[PDB]
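Just so you know, the sequences run in chain order A and B.
To get the deposited numbering, take the position in the first sequence, counting from 1, and add 221.
To get the deposited numbering, take the position in the second sequence, counting from 1, and add 221.
Scroll down for the structure; my scribbles are underneath it.
2 protein chains.
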Amino acid sequence: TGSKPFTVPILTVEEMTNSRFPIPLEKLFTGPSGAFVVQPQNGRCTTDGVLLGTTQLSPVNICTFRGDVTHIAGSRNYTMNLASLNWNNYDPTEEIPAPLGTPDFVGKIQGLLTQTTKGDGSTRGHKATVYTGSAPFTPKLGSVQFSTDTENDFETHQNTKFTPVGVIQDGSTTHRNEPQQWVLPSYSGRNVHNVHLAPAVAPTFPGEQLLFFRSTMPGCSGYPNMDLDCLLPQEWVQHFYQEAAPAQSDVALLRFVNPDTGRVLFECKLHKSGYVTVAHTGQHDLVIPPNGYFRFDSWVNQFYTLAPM
Amino acid sequence: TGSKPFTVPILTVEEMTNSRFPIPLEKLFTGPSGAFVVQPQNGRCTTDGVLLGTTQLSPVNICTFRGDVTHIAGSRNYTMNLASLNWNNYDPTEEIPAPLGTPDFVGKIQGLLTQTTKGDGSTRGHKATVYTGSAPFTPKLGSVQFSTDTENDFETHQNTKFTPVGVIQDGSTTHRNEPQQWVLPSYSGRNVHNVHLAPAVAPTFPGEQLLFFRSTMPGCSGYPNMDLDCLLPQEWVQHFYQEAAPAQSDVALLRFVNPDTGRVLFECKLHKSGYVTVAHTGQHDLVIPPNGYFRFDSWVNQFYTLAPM
Ligand SMILES: CC(=O)N[C@@H]1[C@@H](O)[C@H](O[C@@H]2O[C@H](CO)[C@H](O)[C@H](O)[C@H]2O[C@@H]2O[C@@H](C)[C@@H](O)[C@@H](O)[C@@H]2O)[C@@H](CO)O[C@@H]1O
Ligand SMILES: CC(=O)N[C@@H]1[C@@H](O)[C@H](O[C@@H]2O[C@H](CO)[C@H](O)[C@H](O)[C@H]2O[C@@H]2O[C@@H](C)[C@@H](O)[C@@H](O)[C@@H]2O)[C@@H](CO)O[C@@H]1O
């Protein structure tokens with residue numbers, strides 16, 4: 222009826238980026254999800270381009286922090302007073318769960334904390350870890366804590382950046398017990414309810430499962446669970462944001478096509494609120510050809526039955 | 222006609238990513254470049270979607286390395302035997318300058334070197350630096366060297382990744398003398414000339430300068446030069462690669478529009494071989510509205526006269 226035609230990118234899975242951590246996608250995965258709550262806040266976008274949760278457009282700002290730091294005496298810990306994505310004042314009253322790009326899982330994220338002194342352009346960088354399950358993790362309040370390897374090198378009142386690399390685990394405890402990718406941090410700290418969240422998703426149609434876009438996070442210490450599943454590639458977020466094509470039903474039928482043959486491998490539902498389901502029962506690593514890609518074919522309804530994956 | 226209509230993304234500058242290092246764009250910059258060679262190898266793509274140089278599609282696989290490492294006795298240095306993205310051996314006979322995403326400047330890039338032991342999922346991470354001007358920097362031959370902070374923690378024959386964060390400088394020497402963003406590394410080391418390069422670019426038309434998409438690399442030690450200019454945002458590379466719209470002339474005329482007024486701020490030439498020029502003489506940080514964007518207007522020839530920026 223004259224709506225702007227909806228499309229998805231023709232990039233292959235391996236040509237795209239995880240929307241929950243700045244690393245490439247590796248594979249597609251489906252499994253049952255009744256045993257956990259699927260409520261990530263990064264990689265959330267409606268098909269007509271409305272960003273949700275803490276989702277923002279940059280693949281390299283995910284799980285980053287910016288601001289200035291204060292040393293906590295008697296430790297190697299620094300409190301970062303957060304700034305916005307472009308180094309302006311952070312506004313805690315904005316109707317979002319936390320600063321855009323904030324991590325959306327409980328875990329210990331390791332990276333580098335870097336700093337420049339404005340006056341002379343001197344710089345410094347130190348390995349640092351943020352414990353997103355810890356009491357000082359209060360990004361919505363404008364404050365997070367980093368554990369570092371220095372007690373004096375960082376200066377006050379100078380622009381400071383955290384660049385994430387990977388995750389760690391406490392090797393004296395049960396292996397792969399953290400990170401917990403489906404447990405949201407408490408963005409305002411212990412026992413304070415989160416706000417303005419993108420909703421939890423579940424396959425609501427009988428016989429369906431979520432389809433996840435999966436990567437493996439680097440591990441930096443211990444025995445971490447390095448699996449990371451997102452609902453939408455970052456490139457799909459960027460694509461929908463720009464196109465802003467209106468959803469003509471609750472569900473977009475996508476076909477996964479092998480361009481080498483022109484043949485469809487499977488079909489799936491892209492729900493207009495921004496997640497994908499498939500008709501399958503059980504945990505399964507999808508085996509796909511390297512040049513395979515998703516193609517929008519038609520608008521269907523909540524009552525459409527998918528061909529079994 | 223019926224040729225596929227050419228477009229550029231409507232993402233704003235601050236919503237896009239530098240194509241030469243995994244950091245957000247900050248600003249537009251123009252300056253004279255007649256006195257030196259502008260020949261970056263990342264962020265090189267024709268308007269009809271042909272990747273050039275060492276350019277690849279991922280915003281987060283730029284200046285990364287992966288492979289396995291060997292310890293150099295009596296040092297904290299490790300040699301990395303490079304692998305491809307899916308962990309097979311790099312093939313030096315491919316007609317490219319170096320593995321795709323290899324750094325295209327001479328400098329000391331600091332980040333974290335991480336590793337997983339496959340047998341038990343144990344992991345480890347250490348601050349590391351690669352000096353792309355050094356004799357062991359031979360990515361085209363399949364080998365680079367890292368300086369780290371350990372002499373024994375990394376294991377042999379285990380998958381190892383370098384994630385870049387920023388750059389350093391030797392603070393006992395002249396400030397901001399490195400990195401040198403317009404000096405290409407020697408991809409095969411000492412005394413071997415580089416091959417299969419994307420060409421140098423220059424404005425030919427009187428009164429014109431290159432328009433650069435600029436970021437500030439994090440600094441991790443010393444007094445580095447942190448300016449980093451690319452010719453095309455990474456998102457434009459991804460866009461042209463997917464669209465593959467044929468060039469109807471040598472130059473796509475773009476207008477940069479201010480939505481708050483509906484008026485054009487400036488116009489520029491996007492050359493079909495993948496770079497932008499503007500009519501200006503001198504160094505200038507462009508002042509743009511946060512919601513400003515580029516819009517393709519028409520195909521013109523190389524000798525079209527732009528309104529002064
Ligand atoms: C039972 C038990 O505690 N296991 C230990 C494990 O804790 C050790 O890991 C080191 O622990 C320290 C803290 O005391 C740091 O967290 C180190 O980063 C960590 O080493 C890293 O992870 C381990 C699993 C190895 O992969 C190592 O190469 C990494 O540097 C280890 C140290 O050898 O011993 C027992 O496994
Ligand atoms: C005059 C002069 O040489 N300046 C020194 C400066 O070089 C020192 O910096 C350190 O140098 C060592 C190498 O010997 C390492 O590279 C350190 O990382 C480096 O410190 C870092 O950069 C300096 C400029 C500071 O920003 C510092 O905070 C960083 O950690 C310093 C040491 O403090 O002394 C003189 O400034």
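Beta carbons are placed, not taken as given, at the ideal position from N, Cα and C, and that holds for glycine.
Output the boundary residues of the alpha helix (DSSP H) element that contains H460 (chain A).
-> To locate residue 460 (chain A), count along the first sequence from 1; it is residue 239. Element bounds for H460 (chain A): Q455 to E464.
If you count every other CB in all the chains shown that lies within 10 Å of the CB of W457 (chain B), and 16 or more means buried, which is it?
-> On the second sequence, position 236 is the one that residue 457 (chain B) refers to. Counting Cβ neighbours within 10 Å, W457 (chain B) comes out buried, since at least 16 surround it.
Cα-Cα separation between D289 (chain A) and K348 (chain A), rounded to whole angstroms | The residue given as residue 289 (chain A) occupies position 68 in the first sequence. The residue given as residue 348 (chain A) occupies position 127 in the first sequence. Rounded to the nearest angstrom, the two C-alpha atoms are 16 Å apart.
Quick one: what's got a C-beta closer than 7 Å to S470 (chain A)'s C-beta in the same chain, skipping five residues either side?
-> Here residue 470 (chain A) refers to the residue found at position 249 when the first sequence is read from its first residue. Result list for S470 (chain A): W520, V521 and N522, in chain order.
Report, in whole angstroms, the separation of the C-beta atoms of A468 (chain B) and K493 (chain B), which I expect to be a contact under 8 Å.
-> Translated into the one-based positions of the second sequence, residue 468 (chain B) becomes position 247. Translated into the one-based positions of the second sequence, residue 493 (chain B) becomes position 272. Their Cβ separation, rounded to whole angstroms, is 4 Å, which keeps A468 (chain B) and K493 (chain B) in contact under 8 Å.
State yes or no: is the C-beta of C441 (chain A) within less than 7 Å of the C-beta of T228 (chain B)?
-> Here residue 441 (chain A) refers to the residue found at position 220 of the first sequence. Here residue 228 (chain B) refers to the residue found at position 7 of the second sequence. Result no, Cβ atoms of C441 (chain A) and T228 (chain B) do not sit closer than 7 Å.
In terms of residue numbering, what span does the beta strand (DSSP E) encompassing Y408 (chain A) cover?
-> What you label residue 408 (chain A) is simply residue 187 of the first sequence in a count that begins at 1. No beta strand (DSSP E) holds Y408 (chain A); DSSP gives it neither H nor E.
Residue environment, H378 (chain B), which counts as buried when at least 16 other CB atoms sit within 10 Å | Sequence index remark: in the second sequence, residue 378 (chain B) carries index 157 (1-based). Looking at its Cβ environment, which holds fewer than 16 other Cβ atoms inside 10 Å, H378 (chain B) is exposed.
Anything in the segment 430 to 443 of chain B with a Cβ closer than 9 Å to a Cβ of chain A? List those residues in chain order, please.
-> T437, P439, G440, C441, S442 and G443
Is the CB of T344 (chain B) under 7 Å away from at least one CB in chain A?
-> By 1-based counting over the second sequence, the position of residue 344 (chain B) is 123. Yes, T344 (chain B) lies at the interface with chain A (some Cβ there is under 7 Å from its Cβ).
For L303 (chain B), collect the residues of the same chain with a Cβ closer than 6 Å to its Cβ; drop the 5 residues on either side in sequence, then sort them by chain order.
-> The residue given as residue 303 (chain B) occupies position 82 in the second sequence. Cβ neighbours of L303 (chain B) beyond the five flanking positions: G288, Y311 and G363.
Write down the C-beta distance between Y299 (chain B) and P360 (chain B) rounded to the nearest angstrom, noting that I regard them as a contact closer than 8 Å.
-> Here residue 299 (chain B) corresponds to residue number 78 of the second sequence, with the count starting at 1. Here residue 360 (chain B) corresponds to residue number 139 of the second sequence, with the count starting at 1. 15 Å between Cβ atoms; not a contact.
What residues from the segment 441 to 460 of chain B come within 8 Å of chain A, judged by C-beta to C-beta, listed N to C?
-> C441, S442, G443, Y444, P445, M447, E456 and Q459
Extent of the continuous beta strand (DSSP E) to which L432 (chain A) belongs | Along the first sequence, read from residue 1 onward, the residue named residue 432 (chain A) stands at position 211. Here the beta strand (DSSP E) through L432 (chain A) covers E429 to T437.
Would you mind listing the beta strand (DSSP E) stretches within the segment 264 to 296 of chain A that are 3+ residues and don't spill past its ends, in chain order?
-> 286 to 292
State yes or no: is the C-beta of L432 (chain A) within less than 7 Å of the C-beta of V497 (chain A)?
-> Position 211 of the first sequence, counted from the start, is the residue given in the question as residue 432 (chain A). Position 276 of the first sequence, counted from the start, is the residue given in the question as residue 497 (chain A). Yes, the Cβ-Cβ distance between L432 (chain A) and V497 (chain A) is below 7 Å.
By the 10 Å Cβ neighbour count, where 16 or more other Cβ atoms means buried, how is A421 (chain B) classified, buried or exposed?
-> As a first step, residue 421 (chain B) must be located in the second sequence, where it is residue number 200. Exposed.
Got a sec? Which residues, its chain only, sit under 7 Å from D391 (chain B) by beta carbon, not counting five neighbours each side?
-> Here the question's residue 391 (chain B) lines up with position 170 in the second sequence. Only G443 meet the Cβ criterion.
Taking the alpha carbon of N415 (chain B) as the point to measure from, which residue in B:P318, B:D370 and B:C284 has its own alpha carbon closest?
-> Taking the second sequence and counting its residues from 1, the one referred to as residue 415 (chain B) is at position 194. Nearest of B:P318, B:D370 and B:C284 to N415 (chain B), Cα basis: B:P318.
Please classify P245 (chain B): does DSSP put it in a helix, a strand, or coil?
-> In the second sequence, the residue the question calls residue 245 (chain B) occupies position 24. Here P245 (chain B) sits in strand by DSSP.
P385 (chain A), enclosing beta strand (DSSP E) - first and last residue | Position 164 of the first sequence, counting from 1, holds the residue named residue 385 (chain A). It spans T381 to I389 - the beta strand (DSSP E) in which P385 (chain A) sits, taken as one unbroken run.
Per-residue burial, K225 (chain A) [other beta carbons within 10 Å of its own, 16 or more giving buried] | Residue numbering aside, residue 225 (chain A) sits at position 4 when the first sequence is read from its first letter. Answer is exposed; the Cβ neighbour count stays below 16.
Measure from the C-beta of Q469 (chain B) to each C-beta in chain A and report whether the shortest distance is under 7 Å.
-> To locate residue 469 (chain B), count along the second sequence from 1; it is residue 248. Chain A contact via Cβ: absent.
Which runs of the beta strand (DSSP E) fall wholly inside the segment 484 to 514 of chain B and span at least 3 residues, in chain order?
-> 484 to 492 and 496 to 500
Taking only the alpha-carbon atoms, compute the straight-line gap between residue 203 (chain A) and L246 (chain A) and give it to the nearest angstrom.
-> Missing from the structure shown is residue 203 (chain A); chain A here goes from 222 to 530 and no further.
The segment 383 to 403 of chain A: positions lying closer than 9 Å to chain B by Cβ | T384, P385, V386, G387, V388, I389, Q390, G392, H396 and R397
Where does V259 (chain B) fall in DSSP's three states?
-> Here residue 259 (chain B) is taken as the residue at index 38 of the second sequence, counted from 1. Residue state, collapsed to three classes: coil.
Mind checking which residues open and close the beta strand (DSSP E) that includes residue 564 (chain B)?
-> There is no way to answer for residue 564 (chain B), as the model of chain B reaches only from 222 to 530.
Selection of the segment 272 to 287 of chain A by Cβ proximity to chain B, strictly under 7 Å = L278, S279, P280, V281 and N282
Does the Cβ of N263 (chain A) have 16 or more other Cβ atoms within 10 Å, making it buried, or fewer, making it exposed?
-> For the purposes of this step, residue 263 (chain A) is identified with residue 42 of the first sequence, where counting begins at 1. When all chains shown are included, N263 (chain A) counts as buried.
Any chain B beta carbon closer than 7 Å to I231 (chain A) = Within the first sequence, residue 231 (chain A) is the residue found at index 10, counting from 1. Judged by the 7 Å Cβ criterion, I231 (chain A) is in contact with chain B.
Examine ligand 1 and report whether any of its heavy atoms sits within less than 6 Å of the Cβ of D269 (chain B).
-> Counted from its first residue, the second sequence places residue 269 (chain B) at position 48. No; taking the cut-off as 6 Å, the Cβ of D269 (chain B) has no heavy atom of ligand 1 nearer than that.
Near ligand 3: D374 (chain A) beta-carbon under 6 Å from a heavy atom = Ligands displayed in this structure: ligand 1 and ligand 2; ligand 3 is not among them.
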